[PDB]
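Visitor: When we follow the authors' numbering, the leftmost residue of the sequence shown carries the number 1, and every step to the right adds one.
This is the structure I have questions about; it appears just below.
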Amino acid sequence: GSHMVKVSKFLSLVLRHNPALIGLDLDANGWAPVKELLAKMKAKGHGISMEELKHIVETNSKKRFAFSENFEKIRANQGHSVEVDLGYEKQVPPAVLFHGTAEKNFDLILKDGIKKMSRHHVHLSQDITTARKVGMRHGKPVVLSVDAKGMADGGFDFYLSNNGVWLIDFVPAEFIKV
């Protein structure tokens, strides 16, 4: 099902920043017992079977999320804000993306994040120009400044519209610079 970006982002997150977050922890050379992840992340209600996680490590990630060749440990390297393109095509602008959306959406934005029916293709924008322009649909868009490099690296995917619009999966206000 479509949650592999959420899975890969996650896996990258846990094995890089705060592994302790899920009961998982990082080893001395920057690894983690895969069995720790498989059982735990499954138990977390994400149904990770080993067949599933190998699928993410080997097919989707590799340079991002590495795996022992013997599949015992997993790790995530990151610091790689290149076109990671997690099964999609990410177009990475210079530094940041400015997304405008009405300040009547502010509560929802800040709590839940930039999301509507997201999973694949929700609205994002590159410049304040577009932020304002798209937000003219309501009035005064608040400019959610989301980092392109951070998002690309973290495992958040974003596409480019033929018109020059950006489409995102989702961006947490928790990470956005409102």
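Every residue, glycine too, gets a C-beta built ideally from N, C-alpha and C.
What does the alpha-carbon distance come out to for the pair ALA148 and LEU21?
Guide: 24 Å
Visitor: Taking only the alpha-carbon atoms, compute the straight-line gap between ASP25 and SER49 and give it to the nearest angstrom.
Guide: 19 Å
Visitor: Are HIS121 and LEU160 close, meaning C-beta to C-beta below 8 Å?
Guide: no
Visitor: Taking the beta strand (DSSP E) that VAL142 belongs to, which residues open and close that run?
Guide: Where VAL142 is concerned, the enclosing beta strand (DSSP E) stretches over 141-147.
Visitor: If we count the other Cβ atoms within 10 Å of its Cβ and call it buried at 16 or more, is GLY47 buried or exposed?
Guide: exposed
Visitor: Please report the straight-line C-alpha distance between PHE158 and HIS123, rounded to a whole angstrom.
Guide: 10 Å
Visitor: Can you pull the DSSP bridge partners for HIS120?
Guide: None; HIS120 has no bridge partner.
Visitor: Nearest CA to the CA of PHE65: which residue from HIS138, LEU11 and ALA39?
Guide: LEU11
Visitor: Considering only residues of the same chain and omitting the five flanking positions on each side of residue 182, which have a CB-CB separation below 8 Å?
Guide: Since the displayed the chain opens at 1 and closes at 178, residue 182 lies outside it and no answer follows.
Visitor: Is DSSP giving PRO19 helix, strand or coil here?
Guide: helix
Visitor: Can you find the residues in the same chain that come closer than 7 Å, C-beta to C-beta, to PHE71, ignoring five residues on each side of it along the sequence?
Guide: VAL34 and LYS54
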